[PDB]
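Trainee: My structure is below; once you've seen it, I'll send some questions.
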Amino acid sequence: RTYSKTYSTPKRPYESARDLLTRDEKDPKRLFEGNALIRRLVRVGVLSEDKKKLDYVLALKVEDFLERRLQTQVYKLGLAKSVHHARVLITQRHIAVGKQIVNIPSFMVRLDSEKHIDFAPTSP
Amino acid sequence: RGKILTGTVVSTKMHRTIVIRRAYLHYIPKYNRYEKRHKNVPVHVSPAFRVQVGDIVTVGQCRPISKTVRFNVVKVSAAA
Amino acid sequence: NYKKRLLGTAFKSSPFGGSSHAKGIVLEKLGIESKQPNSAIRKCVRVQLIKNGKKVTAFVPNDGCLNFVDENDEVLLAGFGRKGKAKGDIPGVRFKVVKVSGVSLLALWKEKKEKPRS
RNA sequence: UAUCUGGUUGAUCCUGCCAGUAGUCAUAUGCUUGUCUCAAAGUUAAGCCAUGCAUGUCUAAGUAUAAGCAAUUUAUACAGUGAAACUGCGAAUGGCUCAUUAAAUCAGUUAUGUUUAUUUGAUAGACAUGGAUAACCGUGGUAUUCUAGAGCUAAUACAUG
RNA sequence: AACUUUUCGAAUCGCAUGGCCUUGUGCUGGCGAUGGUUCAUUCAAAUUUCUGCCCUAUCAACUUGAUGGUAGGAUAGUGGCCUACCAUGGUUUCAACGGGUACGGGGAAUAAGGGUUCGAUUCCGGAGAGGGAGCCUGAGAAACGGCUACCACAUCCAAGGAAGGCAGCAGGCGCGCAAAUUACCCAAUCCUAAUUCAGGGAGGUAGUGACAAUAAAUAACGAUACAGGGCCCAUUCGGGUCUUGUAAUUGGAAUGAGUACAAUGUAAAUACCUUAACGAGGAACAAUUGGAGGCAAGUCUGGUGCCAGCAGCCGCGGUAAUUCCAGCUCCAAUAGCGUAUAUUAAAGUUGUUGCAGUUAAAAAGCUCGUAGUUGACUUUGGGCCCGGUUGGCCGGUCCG
RNA sequence: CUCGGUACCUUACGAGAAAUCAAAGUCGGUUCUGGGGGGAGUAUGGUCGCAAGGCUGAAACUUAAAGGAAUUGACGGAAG
RNA sequence: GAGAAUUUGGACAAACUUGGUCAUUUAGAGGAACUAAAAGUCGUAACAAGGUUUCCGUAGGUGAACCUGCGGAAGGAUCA
RNA sequence: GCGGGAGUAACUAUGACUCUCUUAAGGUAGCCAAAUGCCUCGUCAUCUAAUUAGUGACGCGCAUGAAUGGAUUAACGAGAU
C-alpha cells in the first residue's frame with residue numbers, strides 16, 4: 001500500500017519530483033479517509049478507466065470512491081473500530097446497509113445512507 | 001454487377017464468341033495514384049457475328065452458354 | 001507497393017528460434033583476459049547449443065572463481081548483451097550464464113556469501 | 001490529441017546513432033512461496049508409437065418358438081399367445097491437425113445450368129403370385145484367420161406376372 | 001412485359017378397436033403409421049462471373065489439349081469435363097512465367113489517431129488421415145477407427161502364414177527454454193435411433209502449477225501510565241493538539257480452515273453450502289525480492305587491494321572505494337520481485353496523416369526525348385469515373 | 001527611360017542551429033538522391049571493353065561515435 | 001439367363017529406376033583478405049608555411065610510409 | 001652482372017631492425033619443390049578391399065626472377081595422365 005510495517009505506513013510518506021506528486025494526492029486524502037491500493041487505483045483510471053472517461057474534478061472523484069467503500073467510512077461512524085476490521089465486517093456480511101446484507105465484499109456503496117448491523121450479530 | 005462497362009475486342013476469328021479487354025480506374029491504397037487493369041473476359045456475340053477487332057460493345061449478364069461465357073454483347077457501337 | 005528497403009531490427013545473437021534461454025553441453029572452461037581499460041582474468045565457457053548448434057562464448061559471473069561449469073556441463077545460457085550492447089571490457093561475450101538450471105542442474109550457484117540470493 | 005532524459009565536447013547549439021524510462025506475452029529461468037474465483041496450459045520432429053478406451057442403437061420393420069419339435073437360460077397371480085439370436089438404420093455426423101495451398105483457394109458483392117437419405121403439404125393406387133435363405137441340427141477341415149458338404153424355415157431380403 | 005427463391009423418372013405392409021353383412025373364413029368400417037408414384041416446401045451441398053491479393057526483376061520471356069470454335073463422347077448439371085478436325089491465337093512490365101515464403105477472414109496486441117506488427121484460445125470456410133495407387137458400397141465417401149494389390153518399418157507365428165497404423169482422449173520414447181491424470185459421469189445442454197430408454201474420452205466437471213487478472217491484499221483498534229525534541233497560545237503557572245520508543249498493560253474483537261451436531265439442494269463420483277450456540281486449535285496460515293555514482297527516490301563506516309568481483313549504457317576495483325564485499329544506515333513497490341524472450345510505443349528514424357539535400361549523409365557531368373504522371377481556357381446537358389450521406393447485421397439503451 | 005542577359009556589389013522585411021542567403025526566403029507540377037562511423041564503392045554475379053578498368057552493388061563482423069557551425073590560447077624557418 | 005475365374009484389346013491417374021541440367025547445405029586439400037591485441041622493426045608520410053602546402057582522381061616506378069607527371073578544388077585568408 | 005659474419009622483440013618460438021667486415025656495387029613486379037631438389041615413403045586433406053596418381057596443400061627454395069623476356073589468354077591436332 002506504500003509501505004512497511006503497521007505504524008510506519010502513513011509516516012514514511014508524510015501525514016495521517018515524481019514521488020512527491022503521487023504522495024500529494026495520497027496523504028491529505030488519507031487524512032479524511034485512507035484505503036488506497038496500487039493495482040486497484042490503475043482501474044479507477046490513473047492509467048485506465050473512469051478518470052480518463054470523465055473530465056470532472058479528478059481529485060474529488062478519488063474522494064468519492066473511498067467514502068462509497070463501506071470499509072473506510074464505518075471508521076467515521078465508530079461502530080467497527082478499525083479500517084481493516086471493517087475489512088472483515090463487510091466480508092462476513094455483518095454491516096447491513098438498507099438494511100440489506102452485502103453481496104460482494106468489494107461493495108461500492110455510499111456514505112449518506114444509514115449504517116447498522118444486521119439483527120443477530122448486533123453488538124458483540 | 002449491373003451497370004454497362006467498357007470492353008474493346010482483342011481476339012476475333014471464330015464463330016459466336018470473342019475475347020474483350022476491360023479497363024477500370026482504381027486507386028492503389030498507399031499511392032493514391034490511379035491504375036488500370038487487364039482482364040481476359042470471353043463474351044458471346046450472336047450467331048450472326050457482327051463484331052470486328054476494336055469495337056466498343058455493351059456488356060451485360062445473360063445465359064452461361066459456356067461456363068466462363070456468362071456475358072453477352074447486344075449493341076455494337078463502334079466499328080474498329 | 002512502395003517503400004525503400006527497410007531491414008527489421010536484429011539482435012546480434014547467433015542462436016535464434018523463439019526461445020528465451022538454451023541448453024548447451026559445453027567444450028571447455030576458459031579464463032580469458034580483456035581489452036585496454038581494465039585488467040583481471042574474467043571467466044568464460046565455450047557453450048555449444050543442442051537445438052541451434054552454434055558456438056558461442058558466454059561470461060560466467062559467480063562468487064566462485066573456479067566455480068563448477070566443467071568441460072561437459074549442461075549449462076543454461078541467457079541474454080545480457082542480447083539485451084543492450086555487448087560488454088566493453090571483454091568483448092565477444094554477449095551471453096551470460098544462469099545458475100542451477102536446465103534439466104540436469106549441473107552448474108552451481110554463488111557460494112561463500114550469505115546476502116540474499118540472485 | 002502526442003511533455004523526454006543520459007552518453008560524441010574545454011564549453012555551446014545543431015545534426016545523428018545508441019542506451020533507458022511505458023504497456024504487453026499460451027510464456028521461460030533464478031529466488032521466495034500463504035490462500036481463492038475465473039481463464040489458459042507441445043510453440044521443438046505432419047517424428048515413431050505400447051496398452052485401455054473414443055461407434056452404436058431399435059424388437060415399436062417381421063416370422064412371432066401356440067397347434068408340432070432337441071438342449072440350455074430367465075421371469076410369474078395364472079396364462080406365460082414371451083425376450084436376450086439371425087436380419088435392417090449410423091459409421092460422410094462429431095472430434096483432431098495446418099503438411100499443403102499466392103491458389104477459380106479465401107475474403108466483398110453476386111449469378112445459373114443442377115442434386116437433395118431424412119423432414120413437411122396434397123390426390124389416386126396399394127392387387128394377385130412364385131422361388132430361395134441364414135439362425136438352427138447332426139458331422140467334417142485348420143495354428144489362427146477363414147470356413148466345407150447336407151437338411152428344415154420367415155420377411156418391408158429377392159424375383160416374376 | 002416487375003422481381004427473387006424453390007422445384008423430376010417403375011408399389012410393402014404391419015398395429016389397436018369393433019356393429020351389421022359377406023366369406024374360398026385372409027373382407028368391410030374407423031383410426032394411427034409406413035412404403036412406390038405425382039407435384040410442392042424446408043434445410044444442406046455443388047457450379048460460376050466480376051473485383052481486390054506477399055516479397056523477389058541480382059527471376060524476362062512464357063504458353064499446343066494452349067486460347068476458342070466445330071461436332072460427337074461423358075456428366076446430376078454448366079463446361080475442352082474429353083477427343084478428332086480446323087484457325088493461329090492467348091498471357092506479360094497495369095509484372096506473365098519461375099524461385100523463395102505462407103492456410104484466409106471475423107479478430108488479437110500496441111498507439112492520441114494515422115499506422116505498424118501478428119492470425120494462439122473462440123467462430124466461420126478450405127485442405128489432410130504411415131507412403132504412393134485404385135475401386136466398391138451409398139442419397140452423401142474415391143472414406144481416420146471401410147476394402148484390395150504394392151513398398152518400407154516394428155510385432156506375432158506351429159515357418160505353412162497372418163495381424164497392424166494415436167495429425168481422437170489419457171499416456172510412452174525422443175526432441176526441448178518449456179507445458180498438466182493411463183481421473184469421474186449421463187444428471188444438465190446438444191447429437192444419433194415412434195416412446196420408454198440406451199450410447200457419447202462430445203460435453204459437463206475434478207485434479208495439477210503464483211500462469212495471469214481480481215478481491216481480501218504484505219495486519220489495525222478504544223483506554224491508561226512515562227520520557228525527549230518542535231510550534232501556537234500564555235493569566236508564565238501551565239494547557240492544548242499531536243507520535244521513532246516503552247509496559248507480565250487492560251478490554252478484547254476478528255477472518256481463512258478443521259471437527260462434532262442440526263438444517264438444505266443436484267448426484268453415478270471426489271471434495272458439501274449456510275446460520276446460530278458451545279468447546280478446542282491455529283492465527284490475519286512463517287515475507288521476501290530489488291535498488292542506493294549520473295540517467296533513477298536513496299550515505300556513511302569497516303574489510304579487500306586490477307585480486308576476489310559487479311557491469312544496460314558511460315564505467316568502477318592496483319590503500320582512506322557513497323559503484324566490489326559485509327554491516328548498520330536509507331528509498332520504492334509488494335505476494336510478487338528481478339532477469340531473459342519478442343512485438344509495439346519512445347521514432348516526424350521509411351513521413352499516407354507528418355521528414356531532409358550551400359557547409360553535417362544527400363541534385364544524376366550536361367543536353368534530348370518515349371512510355372508514364374500532371375494540365376491555360378469560354379457555354380452546356382448526357383455519358384464515364386472518384387468521393388460521400390442515408391437504410392439492411394451486431395452491441396448498448398428502451399419494454400417485461 | 002524601357003526591355004533581356006544579369007561578373008556582381010550592398011541591404012530592410014522575413015527565415016535558420018548559426019556563419020550567411022536575398023532565395024539556399026518561399027511555392028506548386030515532375031524527376032533524381034540521403035537514413036551512424038569502419039568494413040565499402042570492396043566482395044560476388046550480370047553487363048560493357050582490345051586491355052588497363054567502368055557500370056550495377058552487399059553481408060558477416062567490429063565500435064560508441066564519426067561529423068557540421070562558432071570560441072579561447074600557445075606556436076610559426078608569419079607580417080607590422 | 002446370372003455369378004466367379006481366366007485370356008486379349010483400349011484409354012486414364014501416379015509411383016519406381018536410369019541419364020542430363022540448375023539451385024541450396026555440409027565436409028574439405030588449398031588460397032587470399034580483415035578485425036582486435038601489449039611489446040618490436042624501418043622511415044618521418046600527415047600535423048605550424050612540419051621547413052618541397054595538402055587531398056582526391058589517374059598513369060609509371062621503388063624495401064617502405066612513398067616519389068614523380070597531368071588536371072582541379074579551399075577541404076589555405078578574401079568571391080582568387 | 002645482381003654478398004658474408006655477428007647481435008637482437010613478454011612466452012614456447014621467431015627476427016623486425018641494427019652493427020660489422022668485404023667488393024665495382026648487392027635485385028623489383030609476380031611465381032615455386034620443376035625437362036633443374038642432395039635432403040624425402042617430407043608434411044597435410046580427400047580418395048582406394050591397399051592408393052604416393054586422381055587432388056589438397058605444406059614451407060624444410062642442395063641452386064626462381066622481366067627483352068635471344070615476365071604476363072593477359074580464345075580457337076585448332078595420326079601428340080601426354
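Trainee: Within the stretch A:75-115, how many residues are part of a loop (DSSP other than H, G, I, E, B) and in contact with a helix residue (DSSP H, G or I) (Cβ under 7 Å, 6 or more places away or on another chain)? Break it down into steps so the answer makes sense when it comes.
Mentor: Of the stretch A:75-115, the ones part of a loop (DSSP other than H, G, I, E, B) are A:75-87, A:92-94, A:98-107, A:109-114.
From the residues that got through so far, the ones that are in contact with a helix residue (DSSP H, G or I) (Cβ under 7 Å, 6 or more places away or on another chain) too are A:80, A:83, A:86-87, A:102, A:105, A:107, A:109-111.
Residues meeting the conditions: 10.
Trainee: Let me ask something additional. What number of residues in the stretch C:67-118 are near RNA strand D (Cβ under 7 Å from one of its atoms) and β-branched (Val, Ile, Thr)?
Mentor: Total meeting the criteria: 2.
Trainee: Moving on to the next point. Answer yes or no as to whether residue C:4 is within 14 Å of chain B (Cβ to nearest Cβ) and more than 19 Å from residue C:83 (Cα to Cα). Talk me through it step by step, then tell me what you get.
Mentor: Working: within 14 Å of chain B (Cβ to nearest Cβ): yes; more than 19 Å from residue C:83 (Cα to Cα): yes.
Spelling it out, residue C:4 is indeed within 14 Å of chain B (Cβ to nearest Cβ) and more than 19 Å from residue C:83 (Cα to Cα).
Trainee: So, one more: What do you reckon, is residue A:95 of a type outside the set (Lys, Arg) and surrounded by fewer than 18 Cβ atoms within 10 Å (Cβ to Cβ)? Spell out how you get there, then give the answer.
Mentor: Numbers: of a type outside the set (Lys, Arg): yes; surrounded by fewer than 18 Cβ atoms within 10 Å (Cβ to Cβ): no.
Answer is no for this residue.
Trainee: Scan the stretch A:1-48 for residues that are among the small types (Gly, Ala, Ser) and in a loop (DSSP other than H, G, I, E, B) and jot them down. Walk me through how you get there before you give the answer.
Mentor: If we filter the stretch A:1-48 for residues that are among the small types (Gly, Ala, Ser), which is where we start, we get A:4, A:8, A:16-17, A:34, A:36, A:45, A:48.
Answer for the stretch A:1-48, where residues must be among the small types (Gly, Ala, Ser) and in a loop (DSSP other than H, G, I, E, B): A:4, A:8, A:16, A:17, A:34, A:36, A:48.
Trainee: If you don't mind, another one. Looking at the stretch C:38-53 only, could you name the residues that are away from RNA strand D (no atom under 15 Å from the Cβ) and surrounded by 11 or more Cβ atoms within 10 Å (Cβ to Cβ)?
Mentor: Kept after step one, since they are away from RNA strand D (no atom under 15 Å from the Cβ), are these residues of the stretch C:38-53: C:38-46, C:48.
Hits for the stretch C:38-53 are C:38, C:41, C:42, C:43, C:44, C:45, C:46, C:48.
Trainee: Here is a check on your reading of the model: is residue A:84 under 30 Å from residue A:119 (Cβ atoms), more than 16 Å from RNA strand G (Cβ to nearest atom) and in contact with a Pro (Cβ under 8 Å, 6 or more places away or on another chain)? Reasoning before the result, please.
Mentor: Details: under 30 Å from residue A:119 (Cβ atoms): yes; more than 16 Å from RNA strand G (Cβ to nearest atom): yes; in contact with a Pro (Cβ under 8 Å, 6 or more places away or on another chain): no.
Taking the combined requirement at face value, the residue does not satisfy it.
Trainee: When the stretch C:60-101 is examined, which residues are found to be within 16 Å of RNA strand G (Cβ to nearest atom) and crowded, with 17+ Cβ neighbours inside 10 Å? I'd like the intermediate steps shown before the answer.
Mentor: Restricting attention to the stretch C:60-101, the residues satisfying the condition of being within 16 Å of RNA strand G (Cβ to nearest atom) are C:85-94.
Matches in the stretch C:60-101: C:87, C:90, C:93, C:94.
Trainee: For the stretch C:1-37, how many residues are over 19 Å from residue C:94 (Cβ atoms), of a type outside the set (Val, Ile, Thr) and surrounded by 13 or more Cβ atoms within 10 Å (Cβ to Cβ)?
Mentor: The number of residues fulfilling the criteria is 0.
Trainee: In the stretch A:28-57, how many are under 16 Å from the mean Cα position of the chain (by Cα) and hydrophobic (A, V, I, L, M, F, W, C)?
Mentor: Summing the residues that are under 16 Å from the mean Cα position of the chain (by Cα) and hydrophobic (A, V, I, L, M, F, W, C) in the stretch A:28-57 gives 8.
Trainee: Name the strands (runs of 3 or more DSSP E) wholly within the stretch C:3-118 that hold at least 2 residues that are away from RNA strand F (no atom under 15 Å from the Cβ) and not acidic (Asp, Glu)? Break it down stepwise before answering.
Mentor: Working: elements: C:22-24, C:29-32, C:42-48, C:55-59, C:75-77.
The strands (runs of 3 or more DSSP E) meeting that bar are C:22-24, C:29-32, C:42-48, C:75-77.
Trainee: Return the residues of the stretch B:21-59 that are within 14 Å of chain C (Cβ to nearest Cβ) and surrounded by 12 or more Cβ atoms within 10 Å (Cβ to Cβ); say none if nothing qualifies.
Mentor: Selection gives nothing.
Using ideal geometry, Cβ is built from the backbone for each residue, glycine included, and neighbour counts are taken over all protein chains shown. Read-outs: derived from the displayed coordinates by stated rules, not from any lab.
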